[PDB]
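Cβ atoms come from the backbone with ideal geometry, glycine included; neighbour counts cover every protein chain shown. Where a number appears in this text, it was derived from the coordinates with a stated rule and is not lab data.
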Amino acid sequence: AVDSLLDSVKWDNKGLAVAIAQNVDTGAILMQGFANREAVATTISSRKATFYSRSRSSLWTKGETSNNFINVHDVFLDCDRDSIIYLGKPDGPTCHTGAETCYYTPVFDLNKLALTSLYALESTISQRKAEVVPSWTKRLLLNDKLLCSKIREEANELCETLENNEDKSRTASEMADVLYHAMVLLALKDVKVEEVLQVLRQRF
Amino acid sequence: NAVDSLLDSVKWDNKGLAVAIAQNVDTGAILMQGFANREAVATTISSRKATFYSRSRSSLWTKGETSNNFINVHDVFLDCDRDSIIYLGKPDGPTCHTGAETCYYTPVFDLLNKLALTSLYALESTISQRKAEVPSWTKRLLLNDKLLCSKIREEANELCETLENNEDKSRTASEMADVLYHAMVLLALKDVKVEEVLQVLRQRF
Ligand SMILES: Nc1ncnc2c1ncn2[C@@H]1O[C@H](COP(=O)(O)O)[C@@H](O)[C@H]1O
Ligand SMILES: Nc1ncnc2c1ncn2[C@@H]1O[C@H](COP(=O)(O)O)[C@@H](O)[C@H]1O
Ligand SMILES: Nc1ncnc2c1ncn2[C@@H]1O[C@H](COP(=O)(O)O)[C@@H](O)[C@H]1O
Ligand SMILES: [Mg+2]
Ligand SMILES: [Zn+2]
Ligand SMILES: [Zn+2]
Ligand SMILES: [Zn+2]
Ligand SMILES: [Zn+2]
Ligand SMILES: [Zn+2]
Ligand SMILES: [Zn+2]
């Protein structure tokens, strides 16, 4: 059944397809390599992301020496079946330099990681926490009583958009209000958003 | 120029291409993966529209040039070895030519059609299925506004108590998940996508 599936992949002249490893919990692109028929099959059977190293001319499972495996949860093919997503959860940092992902060379800021909207805000909140030990985040990080009251009150306002039939944009605006203040509490308690999303996934 | 010096450091392959991945700036969903040469990257930067090189037609191709479903690029990233590119952008419409939101919807373990979703947006999709099928806790919350809102306020209370009562970080993590779930049932009631919420956060930068 695996044989019938690998035959459908559109490989290039070298027998390769693009294989992208993505964090199953956050969506961050960890790394992008290449896979041949055997590299994808090994990923399927071993549940650890495996690629074809063109340089070393051999199969390569991420973590085989460093133990920073990418435990693969699902594999996706795009429409033309020439691109692959390894959707996995990494044991440690993915890049061989030690960086969390391989993408940290911004072209517009001309070393910061590539972050989507939710994880960039978490990163900003983290920077305020470091400069703590005039900012609204620093004010919340330095006042537990104010932060907790703000979370309770904003949660109240989110519900009032449902209870009082406010516009959908009002609900989104208040959900953002809840999300920001909760992440300031997350930072105080040393909790990453990824850990929270892992909890959600474990409750499936 | 500074961009020219940046394109010069890019390690292009023998035919002058590099892998280009389009990713949703707000959610992280991978929209599509193509290939870019210097001019596809340079034009992507200048026009702020994701532009690739169509190898089959052997010409430049801007995603959306016919369908108007452009990918409006917010950032461009190079990986460590500088042979892989991420166009980080916000798409006008569905990216795949079939109409799918993204191009990646062929699960391999289900073959041994669902979109590839990460945890937060998979929970959003599940809550959405419960809303349409309306013995499940989500359907019950969708059928009782007073109960749903009571649970949100109660769970937001519990999250604060983990800070107030010096509870363990695992307790904070567990309670934050509780707040997130019940909030997303309220989002589904008000027809709010998580992406819409994250756009608001991004707009408050
Ligand atoms: N994310 C990565 N992308 C490309 N090459 C890598 C990556 N991580 C490690 N390597 C290299 O691949 C080999 C396997 O290392 P590792 O899988 O990290 O134990 C070593 O030569 C590493 O330097
Ligand atoms: N208290 C909770 N915290 C987080 N996720 C939850 C919770 N209750 C239900 N879920 C999620 O909702 C899904 C469907 O639940 P149900 O509507 O009871 O079938 C589960 O598989 C979980 O992912
Ligand atoms: N009231 C707020 N609601 C939502 N996001 C906020 C709020 N205040 C600050 N932020 C976020 O926190 C970042 C840093 O704010 P500050 O710590 O006040 O400099 C902003 O760029 C926003 O992304
Ligand atoms: Mg109000
Ligand atoms: Zn393709
Ligand atoms: Zn790397
Ligand atoms: Zn508010
Ligand atoms: Zn690379
Ligand atoms: Zn497509
Ligand atoms: Zn709880």
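Just rank B:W12, A:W136, B:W61, fewest to most, by other beta-carbon atoms within 10 angstrom. Mind showing how you got there, number by number?
Details: B:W12 16, A:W136 11, B:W61 19.
In increasing order of surrounding Cβ atoms, one gets A:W136, B:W12, B:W61.
What is the count of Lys pairs in chain B whose alpha carbons sit under 14 Å apart, if the two are 8 or more places apart or on different chains?
Values: B:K49/B:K63; B:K49/B:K90; B:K63/B:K90; B:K131/B:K139; B:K131/B:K190; B:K131/B:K193.
Value for chain B: 6.
How would you rank B:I71, B:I152, B:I45, going from fewest to most other Cβ atoms within 10 Å of each one's own Cβ?
B:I45, B:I152, B:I71
Helical content of chain B, expressed as a calculated mean residue ellipticity at 222 nm, amounts to -13500 deg cm²/dmol (DSSP H runs of 4 or more residues, -39,500 (n - 2.57) each, divided by residue number, nearest 500). Pairs of alpha carbons in chain A separated by more than 32 Å make up 34% of all such pairs.
Working note: Karplus 6.51/-1.76/1.60 with θ = phi - 60° gives the stretch A:72-82 the couplings 7, 9, 7, 10, 10, 10, 6, 5, 7, 6, 10 Hz, where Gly and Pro are set to x. For the protein assembly as shown, the mean projected area of the C-alpha convex hull, equal to one quarter of the hull surface, is 21.7 nm². Here A:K89 is the anchor, and the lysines within straight C-alpha reach of less than 16 Å, apart from those fewer than 8 places off in the same chain, are A:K48, A:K62, A:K192. Estimated from the Cβ-Cβ distance and a Förster radius of 22 angstrom, the FRET efficiency linking B:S128 and B:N72 is about 0.30.
Exposure proxy for B:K15, A:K89: other Cβ atoms within 10 Å of each Cβ, ordered fewest to most, give B:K15, A:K89.
Where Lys and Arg each count +1 and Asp and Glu each count -1, what net charge lies around A:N68 among other residues with Cβ under 11 Å from its Cβ? If you can, show how the numbers build up before the last one.
Numbers: positive: A:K48, A:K62; negative: A:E64, A:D91, A:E100.
Summing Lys/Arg as +1 and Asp/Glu as -1 gives -1.
The dipole here belongs to the protein assembly as shown: it is taken about the Cα centre, uses +1 on the Cβ of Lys and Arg and -1 on the Cβ of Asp and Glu, and is about 620 debye. Size estimate for the stretch A:103-204 follows the Kirkwood approach: the inverse of mean 1/r over distinct Cα pairs works out to 15.4 Å. Computed over the stretch B:1-46, relative contact order equals 34 percent, with contacts defined as Cα pairs under 8 Å that lie 6+ residues apart.
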